[PDB]
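Engineer: Sharing a structure, written as structure tokens. Questions coming.
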Amino acid sequence: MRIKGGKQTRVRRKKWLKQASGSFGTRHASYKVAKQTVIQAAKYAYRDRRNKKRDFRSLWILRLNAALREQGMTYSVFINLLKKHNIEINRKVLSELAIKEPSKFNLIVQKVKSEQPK
Amino acid sequence: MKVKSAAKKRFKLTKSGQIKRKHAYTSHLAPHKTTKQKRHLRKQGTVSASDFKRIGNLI
Amino acid sequence: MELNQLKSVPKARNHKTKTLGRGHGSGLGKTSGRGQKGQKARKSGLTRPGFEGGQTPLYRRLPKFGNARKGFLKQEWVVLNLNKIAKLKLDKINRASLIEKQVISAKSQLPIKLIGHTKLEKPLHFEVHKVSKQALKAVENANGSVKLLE
RNA sequence: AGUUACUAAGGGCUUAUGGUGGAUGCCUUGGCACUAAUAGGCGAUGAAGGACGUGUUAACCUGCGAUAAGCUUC
RNA sequence: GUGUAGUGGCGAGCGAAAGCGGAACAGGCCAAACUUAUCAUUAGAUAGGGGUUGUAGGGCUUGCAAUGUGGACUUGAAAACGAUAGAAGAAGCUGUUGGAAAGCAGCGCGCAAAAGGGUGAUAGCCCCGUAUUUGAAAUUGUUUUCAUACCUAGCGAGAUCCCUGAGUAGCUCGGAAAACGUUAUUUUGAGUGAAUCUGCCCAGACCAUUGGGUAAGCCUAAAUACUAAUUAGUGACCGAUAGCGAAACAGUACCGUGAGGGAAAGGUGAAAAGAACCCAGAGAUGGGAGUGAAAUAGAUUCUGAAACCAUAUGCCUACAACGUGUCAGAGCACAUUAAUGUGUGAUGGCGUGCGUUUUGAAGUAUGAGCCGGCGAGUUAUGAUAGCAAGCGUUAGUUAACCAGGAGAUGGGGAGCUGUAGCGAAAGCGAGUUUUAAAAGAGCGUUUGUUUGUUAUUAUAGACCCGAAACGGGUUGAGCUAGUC
RNA sequence: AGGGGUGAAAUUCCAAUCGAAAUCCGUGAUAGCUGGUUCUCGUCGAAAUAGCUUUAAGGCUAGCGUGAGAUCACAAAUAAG
RNA sequence: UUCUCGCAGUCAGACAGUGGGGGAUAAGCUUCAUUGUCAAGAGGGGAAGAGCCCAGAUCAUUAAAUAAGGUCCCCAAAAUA
RNA sequence: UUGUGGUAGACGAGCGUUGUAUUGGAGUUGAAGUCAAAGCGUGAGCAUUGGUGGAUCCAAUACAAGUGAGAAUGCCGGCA
RNA sequence: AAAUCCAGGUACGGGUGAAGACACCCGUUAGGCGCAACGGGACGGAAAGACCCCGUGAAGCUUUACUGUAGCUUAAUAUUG
RNA sequence: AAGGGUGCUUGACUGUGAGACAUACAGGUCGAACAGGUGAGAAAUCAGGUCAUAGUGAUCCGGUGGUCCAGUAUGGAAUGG
Ligand SMILES: [Mg+2]
Ligand SMILES: [Mg+2]
Ligand SMILES: [Mg+2]
Ligand SMILES: [Mg+2]
Ligand SMILES: [Mg+2]
Ligand SMILES: [Mg+2]
Ligand SMILES: [Mg+2]
Ligand SMILES: [Mg+2]
Ligand SMILES: [Mg+2]
Ligand SMILES: [Mg+2]
Ligand SMILES: [Mg+2]
Ligand SMILES: [Mg+2]
Ligand SMILES: [Mg+2]
Ligand SMILES: [Mg+2]
Ligand SMILES: [Mg+2]
Ligand SMILES: [Mg+2]
Ligand SMILES: [Mg+2]
Ligand SMILES: [Mg+2]
Ligand SMILES: [Mg+2]
Ligand SMILES: [Mg+2]
Ligand SMILES: [Mg+2]
Ligand SMILES: [Mg+2]
Ligand SMILES: [Mg+2]
Ligand SMILES: [Mg+2]
Ligand SMILES: [Mg+2]
Ligand SMILES: [Mg+2]
Ligand SMILES: [Mg+2]
Ligand SMILES: [Mg+2]
Ligand SMILES: [Mg+2]
Ligand SMILES: [Mg+2]
Ligand SMILES: [Mg+2]
Ligand SMILES: [Mg+2]
Ligand SMILES: [Mg+2]
Ligand SMILES: [Mg+2]
Ligand SMILES: [Mg+2]
Ligand SMILES: [Mg+2]
Ligand SMILES: [Mg+2]
Ligand SMILES: [Mg+2]
Ligand SMILES: [Mg+2]
Ligand SMILES: [Mg+2]
Ligand SMILES: [Mg+2]
Ligand SMILES: [Mg+2]
Ligand SMILES: [Mg+2]
Ligand SMILES: [Mg+2]
Ligand SMILES: [Mg+2]
Ligand SMILES: [Mg+2]
Ligand SMILES: [Mg+2]
Ligand SMILES: [Mg+2]
Ligand SMILES: [Mg+2]
Ligand SMILES: [Mg+2]
Ligand SMILES: [Mg+2]
Ligand SMILES: [Mg+2]
Ligand SMILES: [Mg+2]
Ligand SMILES: [Mg+2]
Ligand SMILES: [Mg+2]
Ligand SMILES: [Mg+2]
Ligand SMILES: [Mg+2]
Ligand SMILES: [Mg+2]
Ligand SMILES: [Mg+2]
Ligand SMILES: [Mg+2]
Ligand SMILES: [Mg+2]
Ligand SMILES: [Mg+2]
Ligand SMILES: [Mg+2]
Ligand SMILES: [Mg+2]
Ligand SMILES: [Mg+2]
Ligand SMILES: [Mg+2]
Ligand SMILES: [Mg+2]
Ligand SMILES: [Mg+2]
Ligand SMILES: [Mg+2]
Ligand SMILES: [Mg+2]
Ligand SMILES: [Mg+2]
Ligand SMILES: [Mg+2]
Ligand SMILES: [Mg+2]
Ligand SMILES: [Mg+2]
Ligand SMILES: [Mg+2]
Ligand SMILES: [Mg+2]
Ligand SMILES: [Mg+2]
Ligand SMILES: [Mg+2]
Ligand SMILES: [Mg+2]
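Protein chains in written order, with this note's numbering: chain A, 1038 to 1155; chain B, 13 to 71; chain C, 29 to 178.
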């Protein structure tokens, strides 16, 4: 019983080739280089999911910090005032407010500024 | 498989599968051993657990 | 069960076959369980049984047993044991009676020996070449008898 | 003074097509391993194996042997 | 029987002979005595009769009973069963898609034939065949019957006489065969050398008793070993890198002085109907025409993958430090296995391959130019363990072999494991070994077997590839060295 | 004519090969040494130590892993005395 | 982590702290004892680093609080005295 | 509720190829092969449509393996 | 045509790192692509280091290494009086 | 005191041995207690070599002494146990 390989190797090889579509030259043509690039690209994608979670937080912090410095308050004290006033809002939504709704963002800063903590 | 001719003539089996054996240092040079040592080595013994597996497949 | 749906009892037919060459996903790829670059990982095999790497093996270290009856064979005996003979159903136990019951082969001339201590209730009449003193005591403590063939 | 598109000698990516190439699939006057029988030899009455030659027919192959792609008889 | 008794630098290892169960079965014939005839009968030689042994046989002398049964046997005659060519051999139309029906559907039919092959697709009824019934002038095989040669025959008595295989059996010195590493048995290179049924040999040195058998002469069917070839057939065998090296004109082309080494290469279409003719061209050829269902089936001839080379719609790219990707992200261009869609990616953040072997490899260590195919844990016989099934407490299970489809299986109980252990052993026995001991201590005072599957292991080449080598046979002095 | 030949002698020559030709066979020699060993997922997960070894790039046993079973407390861990 | 059975792999280790031997209070040296990491372990700090510090990655989330470390710009985050 | 880094290694559960045995089914109104696409799965993997192709193939339950290729300065063919 | 070739879009300085970097960290420089040159580097290419060590590897040679043996020599015995 | 002297002696015993130490194995070390028959001592008690730790070599093979075992048909013997 001589089992002969055909359509088994080609199908699993073409899967890797399909994933590595859009690469530079041989990196999409040859199966070997395509397989290596897909594995490396998967590693990159894994690492950058974690790094995206951190980098977007940093960008929100930067935007929020800038928006406060125009009013004379700093980021380090703005978050402290937020905690003492029990207000719980993401820096993402707060930055979205300062870019989309300047008046309502200014309302939040006014209350945290001076109103009695709790 | 053939039973080793040296494994036999030196290892006898028992009811529960223990492999009986004879103590060594009982061939010559008697004055270099004490009578306590000689009378303790006269009695027979069994292979230890470290060798039981190696002798089971040898027999 | 039909021929188009036939099934074995669970955990009786199929067991995990350890394939040693088909990929690392099975945990048995590349090296295939031999280890790494040593004697046990080559095609030769696992040396010799009983070997100890040059140190004198255990059998070569221990004295040889002695055979007093050199070149002889122990005389085999057919032994009737008292603890189990009660379970067997027969009276006047002689050589001929054992043949129909097929305890002894009709093409065998081995001498019959009586052995045992367990008390028996009904009496039996043995025809034995040899009998123990206390086995005879037990048999004759009941209403049985024993004759010693010569 | 300031912010600015078009360029593609050439190249990159996607898709479609053409060409070189004979992988995969289907098949086979071919191989392999055996079963049941037969048989277990040919040769000085010239053997096995070859050379040469033979056509109404280029060569090759096959058949045949100056009775030469065949002769006689049943 | 058993990997048992044994044999082994007692190491690696090697390993019977009895017995038991089966296949088949068959026993015959010479020498010597004694006698006949002939050889200058110095025969011690030739040709005949007689004899073939062991619970001894035969010869010598003397009687009874015998005319048969059986052969491994010669010629013939007759018959039967075959082999080498063959003869006969049943059963269907209509409609639909289609180039084409045998497919599909409707209504039928035959079968001791529903094995197979071909016929424009997939046919029990289209054809050839197959089942079944048959047939040989000639050659040849087996068996049977009849006759005919050759061989083949019992039980006594007395005599007390003769014959029974010689450089032979033994023995010594060196080897060997048997499982044995030489030793009772077998054999022999050298030397020596017996006896004659009250005899000789054997039963593991050797002697005696007992018992077994007749060496130094020959022939012997059957069961057993193998398949280059002939006929029929089969395959959980291969299907052009596979299967024989060889599907083709393969041991060919080709390599070498020679022995020797040794490839690749199959498929048009149902049918060549193989493209008349026109145009360009020198022509091959190409574009039309024509045949065809299909010509992108056109002889480059089934299908036609990737690497590789070119063309083009769309996006991006000439201040730009790049394992070439990833996460965000404008603009541009489209519209899908309708999906928070797809193609490209100005720009921002992060980012030193894959296997190998190493304490540690981005590696200035190693392996791969790319693509496709092939390429490395198997089989046979045993052991142990896990899991599961069958049968069970005088259990369990067969091996060879026979019948049966190259079957499941039935017969076959030879044997194997367990049922009682201890001891070196005789031996004893729920006990036994040690010992003066019963005390003490060691071992025991119970939990089976046959299969299936998996894992490991032993013998085999044993997961695959790789040495420099060693031994045996042949081919080479047309180059070169010497000599003639 | 190859555990041979030849050598005004160098290990020269013996068919572009000679510390002992070429070829076939034993043969699939052996290699404790390199290289390679092909699908997936889940649970757990080491060692580079001791002794012996004509042993040091290898092997055996112990130590460390894993699967199954038993031991519930008298076993083993973490703190205080 | 104790006992019994089946199957292993491992016998080339490296560095950091601590106590020493050899060296010269030299070695990224060599040989031990002990605590850890790497081997077989990514992430954050150390500018870049196998072994140092903080810790232990099941997958997705453009959610929040923290450890070592840090807050002029590169690069997230500070002010007073 | 306690967990889910992982090499050597141990254990368990599955995918895929070829063929055989039982059932059913598709196919010149177009099977295998083969190419493309904006699908489905935890993974081996599995579908749908269209082009090419011209005759076999599929599903389920079991069984047997020449059963899984990226590396061996691997062999062969082709092409850079 | 040729050896070569993991895929490449292939700068320099200091540092780092398996201890001598086109690719890592920090800076500097550099429009895209050829042609003719010359060899600095790519521890450049060709040869699984010939030196060294390891293997209970091979082969050649040597000797009062071991075990054997052709040949030579001596004696007994047979041919042998 | 385990050092010195004296008297009597030979326990520098036979068969064993619960339980432990240390160990991969093989081996090593300590030992209560029992039976037999002794030595010293009035007796209790002590004695299975020395104040303790080095003074030693497996298996195979063959030899020696004893022996309540075997003795290849039987009785011996050979040869073994
Ligand atoms: Mg393949
Ligand atoms: Mg693993
Ligand atoms: Mg293993
Ligand atoms: Mg190693
Ligand atoms: Mg390796
Ligand atoms: Mg190993
Ligand atoms: Mg040694
Ligand atoms: Mg252009
Ligand atoms: Mg382009
Ligand atoms: Mg006819
Ligand atoms: Mg007909
Ligand atoms: Mg038909
Ligand atoms: Mg004799
Ligand atoms: Mg021999
Ligand atoms: Mg006689
Ligand atoms: Mg005898
Ligand atoms: Mg005779
Ligand atoms: Mg071929
Ligand atoms: Mg081909
Ligand atoms: Mg030629
Ligand atoms: Mg045309
Ligand atoms: Mg072509
Ligand atoms: Mg074609
Ligand atoms: Mg620009
Ligand atoms: Mg600039
Ligand atoms: Mg830079
Ligand atoms: Mg960049
Ligand atoms: Mg980027
Ligand atoms: Mg980079
Ligand atoms: Mg791999
Ligand atoms: Mg290295
Ligand atoms: Mg190194
Ligand atoms: Mg580099
Ligand atoms: Mg190098
Ligand atoms: Mg290397
Ligand atoms: Mg390379
Ligand atoms: Mg390849
Ligand atoms: Mg089993
Ligand atoms: Mg049977
Ligand atoms: Mg007792
Ligand atoms: Mg059972
Ligand atoms: Mg000449
Ligand atoms: Mg030689
Ligand atoms: Mg020289
Ligand atoms: Mg030459
Ligand atoms: Mg090989
Ligand atoms: Mg070797
Ligand atoms: Mg874990
Ligand atoms: Mg460690
Ligand atoms: Mg350690
Ligand atoms: Mg080694
Ligand atoms: Mg171990
Ligand atoms: Mg260390
Ligand atoms: Mg060390
Ligand atoms: Mg240190
Ligand atoms: Mg120091
Ligand atoms: Mg130090
Ligand atoms: Mg160091
Ligand atoms: Mg390692
Ligand atoms: Mg880390
Ligand atoms: Mg860092
Ligand atoms: Mg975790
Ligand atoms: Mg915070
Ligand atoms: Mg802090
Ligand atoms: Mg900042
Ligand atoms: Mg895990
Ligand atoms: Mg199938
Ligand atoms: Mg299709
Ligand atoms: Mg394969
Ligand atoms: Mg080229
Ligand atoms: Mg440095
Ligand atoms: Mg090398
Ligand atoms: Mg050597
Ligand atoms: Mg050798
Ligand atoms: Mg002489
Ligand atoms: Mg005194
Ligand atoms: Mg004293
Ligand atoms: Mg010896
Ligand atoms: Mg005798």
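Each residue gets a CB set at the ideal place from its N, CA and C atoms; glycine is no exception.
1. What residue range is occupied by the uninterrupted beta strand (DSSP E) comprising residue 178 of chain C?
2. Where does residue 1061 of chain A land, buried or exposed, given buried means 16+ other C-beta within 10 angstroms?
3. What does residue 106 of chain C pair with, by DSSP beta-bridge criteria?
4. Taking residue 1149 of chain A as the reference, which of A:1110, A:1130, A:1137, A:1134 has the closest Cα?
5. Run through DSSP, which three-state label would residue 158 of chain C get?
6. So, does the CB of residue 21 of chain B fall closer than 7 angstroms to a CB anywhere in chain C?
7. Hey, does residue 55 of chain B have any beta-carbon neighbour from chain C nearer than 7 angstroms?
8. DSSP three-state call for residue 153 of chain C: helix, strand or coil?
9. For chain C, find out if any of its Cβ atoms is closer than 7 angstroms to the Cβ of residue 70 of chain B; answer yes or no.
10. Closest Cβ-Cβ distance between residue 97 of chain C and chain B: below 7 angstroms?
11. Would residue 71 of chain B be called buried (16 or more neighbouring beta carbons within 10 Å of its own) or exposed?
12. Give the single residue among A:1153, A:1065, A:1082 whose Cα lies nearest to the Cα of residue 1118 of chain A.
13. Going by C-alpha distance, which of B:15, B:57, B:62, B:63 is nearest residue 26 of chain B?
Structural biologist: By the coordinates alone:
1. Locating residue 178 of chain C in the third sequence gives position 150, counting from the first residue. Looking at the DSSP string, residue 178 of chain C is not in any beta strand (DSSP E), and its letter there is neither H nor E.
2. The count along the first sequence starts at 1 and reaches residue 1061 of chain A at position 24. Residue 1061 of chain A comes out exposed.
3. Locating residue 106 of chain C in the third sequence gives position 78, counting from the first residue. DSSP, once it has assigned bridges, lists C:140 as partnering residue 106 of chain C.
4. Residue 1149 of chain A sits at position 112 when you count from the first residue of the first sequence. Comparing Cα positions, the closest option is A:1110.
5. Mapped onto the third sequence, residue 158 of chain C falls at position 130. In the structure shown, residue 158 of chain C sits in a strand (DSSP, three-state: E or B).
6. In the second sequence, the residue the question calls residue 21 of chain B occupies position 9. At least one chain C Cβ lies under 7 angstroms of residue 21 of chain B.
7. In the second sequence, counting from the first residue as 1, residue 55 of chain B sits at position 43. No - not a single Cβ of chain C is within 7 angstroms of the one on residue 55 of chain B.
8. Mapped onto the third sequence, residue 153 of chain C falls at position 125. In this structure, residue 153 of chain C counts as strand in the three-state DSSP scheme.
9. As a working mapping, residue 70 of chain B is identified with position 58 in the second sequence. With 7 angstroms as the cut-off, residue 70 of chain B counts as an interface residue toward chain C.
10. Against the third sequence, residue 97 of chain C aligns to sequence position 69. So, not an interface residue.
11. As a first step, residue 71 of chain B must be located in the second sequence, where it is residue number 59. Exposed: under 16 other Cβ atoms inside 10 Å.
12. In the first sequence, residue 1118 of chain A corresponds to position 81, counting from 1. Closest option to residue 1118 of chain A, Cα to Cα, is A:1153.
13. Working through the second sequence from its first residue, we reach residue 26 of chain B at position 14. Of B:15, B:57, B:62, B:63, the residue nearest in Cα terms is B:57.
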